[PDB]
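Beneath this line is the structure, given in structure tokens, with notes to follow.
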Amino acid sequence: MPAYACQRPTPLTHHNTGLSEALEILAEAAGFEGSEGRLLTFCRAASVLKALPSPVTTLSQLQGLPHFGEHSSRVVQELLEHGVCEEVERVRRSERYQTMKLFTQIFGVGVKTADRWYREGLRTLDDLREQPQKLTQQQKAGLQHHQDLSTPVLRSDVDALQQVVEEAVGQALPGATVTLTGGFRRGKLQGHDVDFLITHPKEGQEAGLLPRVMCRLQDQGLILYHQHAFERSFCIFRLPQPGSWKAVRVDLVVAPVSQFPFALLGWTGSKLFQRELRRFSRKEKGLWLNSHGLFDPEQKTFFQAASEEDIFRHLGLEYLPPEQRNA
DNA sequence: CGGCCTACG
DNA sequence: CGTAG
DNA sequence: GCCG
Ligand SMILES: [Cl-]
Ligand SMILES: [Mn+2]
Ligand SMILES: [Mn+2]
Ligand SMILES: [Mn+2]
Ligand SMILES: [Mn+2]
Ligand code: NA
Ligand code: NA
């Protein structure tokens, strides 16, 4: 079992679902208390279990597995013995956890905002609605649309949304392309948002594209919310439904064709996979990776990539298709 | 022990 | 501060 | 919380 998640296939579905879910509760809880290191370890340990070829049935099967020490091993031990880990259940039940989860799930609210609101004694969505003078425009949108945004986005929704984005992109800039990214590209059947990456085969033609796309979607009556030389737009779309509609989070991202493979890689995820890939790149290969490129700080050069395959090769990693990047 | 991804709005 | 994967 |  390699130590970095980018060095091993991680399928969407696996053989240790219960165990990984328990560790991810602890990861999430650590994030709520500002401990990113503990979040990372619990996330990595969970991801290791996702990568195993069969279920863990005994404690001995953890021996030698990366990211399993005293704490994560105890969590697994208690689940194997009793079907439940008391620490995990204590977190699930805490007012702190439930409220921080509720608040941080609001679009426009991060851990810091949620925590300050928690400390001020606020607990419910109606508590926030009663004092809306404090809220940002983004948080107001997040709160108004919260119910719809909690409903899973389905594959049918994605196909509908892709068509309308293509229509607007085609008018904004003939020849421009739209690629589905994020969780749906990794094979997920549901999600909480749809991610698209837009480019054009002629380098430079994509300049100024996103405002033109946004203005056109706005005029078609499809934009319930957006933030406005920008390249990422976090929107709430109005998606047609039987006799009605629902609000759906959509991210639209633009990259020049030179950067497309890096942007595609970054935006396809998973979040943990990409953090691990960037960590690997820097620590093991001395190369700096982001969604724009891959930089050699010795030679002071950028690696030209024509594909995701190119990027894995330049990092000395076996290629993983998107459906094996579910770390 | 230090490090933990790296960006844009 | 928020957002993204 | 774990690793390297
Ligand atoms: Cl016991
Ligand atoms: Mn997504
Ligand atoms: Mn998104
Ligand atoms: Mn996300
Ligand atoms: Mn994400
Ligand atoms: Na949030
Ligand atoms: Na850019």
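Protein chains get the first letters and strands the later ones, always in sequence-line order, with residue 1 at the start of each. Hydrogens, waters and symmetry mates play no part in the numbers below; they use all other heavy atoms, side chains included.
Here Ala45(A) lies out of heavy-atom contact (under 4.0 Å) with every strand. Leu252(A) comes within contact range of no nucleotide atom at all, as no heavy-atom separation falls under 4.0 Å. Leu289(A) comes within contact range of the sugar-phosphate backbone alone, with a heavy-atom separation under 4.0 Å but no base atom that close. Within 4.0 Å (heavy atoms only), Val253(A) reaches no atom of the nucleic acid at all. Contacts of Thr268(A) with the nucleic acid, taken as non-hydrogen atoms under 4.0 Å apart, involve only primed sugar atoms and P, OP1 or OP2. Contact annotation for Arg279(A): backbone-only contact, meaning every heavy-atom pair under 4.0 Å involves sugar-phosphate atoms and none involves a base. If you check every strand for non-hydrogen atoms under 4.0 Å, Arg249(A) touches sugar and phosphate atoms only. Residue-level contact check: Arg186(A) touches the backbone only, with heavy atoms under 4.0 Å from sugar-phosphate atoms and none from bases.
A cation-pi arrangement is absent between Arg96(A) and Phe32(A), since the terminal nitrogen or guanidinium carbon is not both under 6.0 Å from the aromatic centre and inside a 45° cone about the axis.
Taking every side-chain heavy atom of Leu40(A) into account, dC4(B) is the closest of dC2(D), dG9(B), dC4(B). Comparing atom distances between the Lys112(A) side chain and each of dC5(B), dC1(C), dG1(D) picks out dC1(C) as nearest. Ranking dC2(D), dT3(C), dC8(B) by closeness to the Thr41(A) side chain, first place goes to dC2(D).
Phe302(A) pairs with exactly one of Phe262(A), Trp288(A), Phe295(A) by the ring-ring contact (aromatic ring centres under 6.0 Å, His included) rule, that one being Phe295(A). Of the options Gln190(A), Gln162(A), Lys246(A), a side-chain hydrogen bond (donor to acceptor under 3.5 Å, both in side chains) to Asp157(A) is made by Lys246(A) and by none of the others. With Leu12(A) as reference, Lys188(A) is the one residue of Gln324(A), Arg325(A), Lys188(A) to meet the side-chain contact (heavy atoms from CB on, under 4.5 Å) rule.
The separation of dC3(D) from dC5(B), taken at their P atoms, amounts to 16 Å, rounded to a whole angstrom.
Aromatic pair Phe42(A)/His71(A): centroids less than 6.0 angstrom apart. Between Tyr225(A) and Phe107(A), the ring center distance clears the sub-6.0 Å criterion.
With rounding to whole Å, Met1(A) atom CE is found 13 Å from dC3(D) atom P. Straight-line distance from the CD atom of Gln274(A) to the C1' atom of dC4(B): 16 Å, rounded to whole Å. As rounded to whole Å, 13 Å separates atom P of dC4(B) from atom CZ of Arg278(A). At whole-Å resolution of the value, CZ in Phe230(A) and P in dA4(C) are 16 Å apart. Remark: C1' of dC8(B) and CG of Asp195(A) are 15 Å apart, rounded to the nearest angstrom. The NZ atom of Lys271(A) sits 16 Å away from the P atom of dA7(B) (whole-angstrom rounding). Across the protein-nucleic acid pair, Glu276(A) atom CD and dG1(D) atom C1' stand 13 Å apart, rounded to whole Å. Taking atom CD of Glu87(A) as the reference point, atom P of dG1(D) lies 8 Å away to the nearest angstrom.
Between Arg282(A) and the phosphate of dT6(B), there is a side-chain N or O to OP1/OP2 separation shorter than 4.0 Å. Remark: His71(A) is in phosphate contact with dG1(D), judged by side-chain N or O atoms under 4.0 Å from OP1 or OP2. Side-chain nitrogen and oxygen atoms of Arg232(A) include none within less than 4.0 Å of the OP1 or OP2 phosphate oxygen of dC8(B). A close approach under 4.0 Å does not occur between any side-chain nitrogen or oxygen of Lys283(A) and OP1 or OP2 of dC3(D). Here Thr113(A) reaches the OP1 or OP2 of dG2(C): one of its side-chain N or O atoms lies under 4.0 Å away. Residue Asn290(A) has no polar side-chain atom (N or O) positioned under 4.0 Å from OP1 or OP2 of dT6(B). When the side-chain nitrogen and oxygen atoms of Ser291(A) are compared with OP1 and OP2 of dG5(C), none of them lie within a distance under 4.0 Å.
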* Stepwise side chain to side chain donor-acceptor pair (under 3.5 Å) check, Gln105(A) with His192(A) -> CA-CA 10 Å; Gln105(A) 283 172 4; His192(A) 295 121; over 6 Å; no

